[PDB]
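Just one chain follows, in the form deposited in one PDB entry, and it is written as structure tokens.
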């Protein structure tokens, strides 16, 4: 059972030991920084390059607050899935949980379902989690 990453520095890249598995939970506990920019991202990808991101979760404190989800494949982005809600507040730590399922990721914010994102590329091929942008991390954990 994988040990958590404690206070990882941002921008962060870490192996997921099993790779994703149906039933796996990944918890990201962090805080958006005030007056340090307007977006951050959590990426589930294959390897460390950044060119093949199965699931890009991208909150943007712009235009009212919204979040974009997308997939990148061979360094081309597909169609964005936007949600016009900002479930994060600057200065407030959040628990952002990703549950892997057969057909989708379920994304919870403090336990409440935020977005469901259907796999565009096979979940089993994901072996890496990455965070970047305007956020400070406290931990990333696995169950």
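Positions refer to the first chain, counted from 1. Note that the rigid core is defined as the largest set of C-alphas that superpose within 1.5 Å between two forms.
Once the rigid core is used to overlay the structures in 8 other deposited structures of this protein, the stretch among 89 to 97 and 41 to 49 whose CA atoms lie farther from this form is 89 to 97. In this crystal structure, the stretch out of 115 to 123 and 8 to 16 whose C-alpha atoms carry the higher mean B factor is 8 to 16. Higher mean CA temperature factor between 18 to 26 and 131 to 139: 18 to 26, per the PDB entry. In the deposited coordinates, the residue among 75, 78, 93, 65 with the greatest CA B-factor is 75. The entry assigns its greatest Cα B factor, within the set 84, 38, 89, 46, to 46.
In this PDB entry, the Cα temperature factor of residue 102 sits in the top third of its chain's modelled residues, the highest group. Among all modelled residues in this chain, the alpha-carbon of residue 31 has a temperature factor (C-alpha) in the lowest third.
In this PDB entry, the Cα temperature factor of residue 58 sits in the bottom third of its chain's modelled residues, the lowest group. Per-chain ranking of the deposited C-alpha B factor places residue 51 in the highest third.
The same protein has a further form, the form solved in complex with a small molecule, not shown here; the description that follows concerns it.
Within 4.5 Å of any heavy atom of the small molecule in the entry with it bound lies no heavy atom of residue 118. Within 4.5 Å of some heavy atom of the small molecule in the entry with it bound lies at least one heavy atom of residue 82. The small molecule in the entry with it bound is approached by residue 68, whose closest heavy atom lies within 4.5 angstroms of it. Figure note: of the listed segments 96 to 104, 110 to 118, 60 to 68, 22 to 30, the one touching the small molecule in the entry with it bound, with heavy atoms no more than 4.5 Å away, is 60 to 68.
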